[PDB]
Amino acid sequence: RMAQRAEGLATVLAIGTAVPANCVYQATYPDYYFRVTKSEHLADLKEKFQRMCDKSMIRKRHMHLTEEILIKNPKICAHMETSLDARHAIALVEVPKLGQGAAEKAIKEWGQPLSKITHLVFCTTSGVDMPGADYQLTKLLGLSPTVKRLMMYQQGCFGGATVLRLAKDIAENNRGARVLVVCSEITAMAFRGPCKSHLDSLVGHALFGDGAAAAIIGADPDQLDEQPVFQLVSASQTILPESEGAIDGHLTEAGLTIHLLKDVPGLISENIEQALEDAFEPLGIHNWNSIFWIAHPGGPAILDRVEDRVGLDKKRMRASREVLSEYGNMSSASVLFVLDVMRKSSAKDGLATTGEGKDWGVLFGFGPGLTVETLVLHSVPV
């Protein structure tokens, strides 16, 4: 046992990302969306959608779904028609394929042979199948058949935090263990026509985009061969009081359907300081401007209300807001995009650490429950 376990902290050794090539600009999206769903006669609905897109703080999203795919699948353009099989035909292929894109880039940065990967954690909100996307990606990359797999299906936007909590325990309990984590999301599971009865669906079509992110996680990194980017210090999870039904996601005959309440920004902002204190008081840290921030960019209102309630300088949420701006909400993938933006912008602006010159960092995932996942991170020098 004592020799079978690793000594040091789980560490991010590499981060890769990938998006579908197809790029849709938010400025023109209300016109595109109402046109391709043949709903331009719903003028009030379109005006309401225009206001959502205008306040979204999203410049662009990447989307596998094109007009050509939508023309060949009219049932996906309707609001609530039988479409799961046509959606699965796309997503069961594209999720592992996008995850392969991200995984290759993480593996290239890491630079070790594929044989060294002992574990794979695959996380999606975008379809389910047996064998899983974990199997499909093992085959796509040529991992060892003895790779130990965890397939995290139907996770939602805290899935990015969940895979790091998982990778943490695996890497730290297994000497030599190197964990590939991959989060991959394709909105083709959820894309539908607008309807006046489901205004929360409209909000989802303003925010959700496609992407995948991959990291290599290991404890006791090699001095010459491996380059630490972040350390994973602790992982917590909580269900917020009075939050029942705030975020529901159903996999139906009509595909993936979302049920968002307007209260979500309020519920998270009202509970975030208790989450900070439970994570940081044991480390004697109390100044929320003295830590770097990896906040799941769920939407501008979440970031705004957390920033306001906690008292953050605008710089703290910059990396989260860049991911929201450049990619939208990519569910489980987003927080790894934020981590990657933060370490790259920190090096480019010649700061002292991978976390904007600070030592300690917080990573937040938010999703159904309502669930808040809190990870304490530690930066490494540049």
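A residue's number is simply how far along the shown sequence it sits, counting from 1.
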220-228 or 197-205, whichever carries the higher mean Cα B-factor | 220-228
Mean C-alpha B-factor comparison - 206-214 and 260-268, higher one = 260-268
Highest Cα B-factor in the PDB entry belongs to which of 154, 252, 73, 238?
-> 73
Taking the values exactly as deposited, rank residue 357 by C-alpha B-factor within its chain and report the matching third: lowest, middle or highest.
-> middle
Lowest, middle or highest third of the chain for the C-alpha temperature factor of residue 46?
-> middle
Chain-relative C-alpha B factor for residue 57 (record values, thirds): the highest
Determine, from the deposited record, the chain-internal third of the Cα B-factor for residue 275: lowest, middle or highest.
-> lowest
Relative C-alpha B-factor of residue 175, binned into the chain's lowest, middle or highest third = middle
